[PDB]
């Protein structure tokens, strides 16, 4: 049942100037930490409700489990999606897949940027893999709703557009934040997630 806050693979200040160290420290050691804590509490509460066949309690716990469970899933992926050695564009089959499904890398960037700017309220923009169709797909998710659990798409790259992800540095200007984050995307990790489901 027991989930843990993952260590960051880099320094809190490693993504500067694109994402400042203070955001990274708050985002990791507080926001994600809170999701992990509450997930462990909720999962424990669910094991009792399940053991006693309390269907009402199982249903009552669903919002907290999706919110905190999704929060843990989403941020865990997010940290691996970023790197001080990031930026540029991918290559190999992923770049080939991107231009097949979206026309171009720059059209892909436009589509995902538009998806992420367009989130009303809190949420996430995702590049996902539709293993059914065998093609890439852009999706947006509200709040902490995780990509795979709610849509079946396999997450490759996630963009957090909760205001806490950018407000201290970029205030309200979400397009400025989205422009900066392209510089820190860990395309090697994105490629690994893509190749992992192409046996």
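Residue numbers count along the first chain shown, from 1.
Asker: Taking the recorded C-alpha temperature factors, which stretch has the higher mean, 51 to 59 or 129 to 137?
Answerer: Mean CA B-factor is higher for 129 to 137.
Asker: Please work out which of 158 to 166 and 35 to 43 has the higher mean CA B-factor as recorded in the PDB entry.
Answerer: Between 158 to 166 and 35 to 43, it is 35 to 43.
Asker: Based on the PDB record, which member of 77, 82, 98, 119 exhibits the highest Cα temperature factor?
Answerer: The record points to 98.
Asker: Sorting the chain's modelled residues by C-alpha B-factor, tell me whether residue 72 ends up in the lowest, middle or highest third.
Answerer: Within its chain, residue 72 is a lowest-third residue by C-alpha B-factor, going by the deposited values.
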